[PDB]
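Only one chain is given next, in C-alpha cells, and it is the form deposited in one PDB entry.
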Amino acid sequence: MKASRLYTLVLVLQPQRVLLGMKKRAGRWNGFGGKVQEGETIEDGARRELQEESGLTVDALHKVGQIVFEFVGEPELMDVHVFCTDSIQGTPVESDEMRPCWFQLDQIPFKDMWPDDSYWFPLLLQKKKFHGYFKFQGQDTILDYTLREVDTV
C-alpha cells in the first residue's frame, strides 16, 4: 500500500444552498481545504484551511466522510477528511486562486466539479456519513472506486 498524505475538505451547507470555490489558477468547483500541517488536529486544519482559502471562520465542524484518492502515476494517496458546517461567520472572499460562490441545492454544479463528487455529495445531502476511495487516470477518468455509507466516520 502507498503512503497517504492528510487533507481536509469543508462544505458550507445551508438549508437551501452550498458554498463552493472555483479554482482560478483548474476551473472546477470544490469545497475548501488543503494539507493538514504538523501538530494540528485534522479538524483544526480544516478550520484553518477554510479561513485561509475563503476568509470564513467557524468554531466547529462536523465530520461527515473520508475519501481516499489514488492517481495513476503518483506515489502517494490523498486521504481527505470531509467536514460540513451550517453556521457561518463572515463573508467569503475571492483570492487570486479561488472564487467563492453560493449554489442553490437544485443547481449543484456537478458537471464542473470533480467526478467523484457526483457519488458522495448526494449522501452528504441526506445526512449520511461515508467512506470512499477513487482511483483516477488524470483529472477526468475513474478506473476504480468504492463507496460505503457508514454509521461512524
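Definition used throughout: the rigid core is the maximal C-alpha set that superposes within 1.5 Å between two forms. Numbers follow the displayed sequence, beginning with 1.
Taken in 6 other deposited structures of this protein and fitted on the core, 106-114 and 88-96 differ in how far their Cα atoms move from the shown form, and the one that moves more is 88-96. For 115-123 versus 34-42, the mean Cα distance to the shown form in 6 other deposited structures of this protein after rigid core alignment is larger for 34-42.
According to the PDB entry, the deposited sequence contains 1 to 3 residues between residue 25 and residue 26 that lack coordinates. Once the C-alpha B-factors are averaged per stretch, 16-24 and 128-136 rank with 16-24 first. 82-90 and 49-57 differ in mean CA B-factor, and the higher of the two is recorded for 49-57. The PDB entry assigns the greatest CA B-factor among 150, 3, 6, 147 to 150. Across the residues 70, 106, 38, 117, the deposited record lists the maximum Cα B factor for 38. For residue 66, the recorded CA B-factor ranks within the lowest third of the chain. Only modelled residues enter the ranking.
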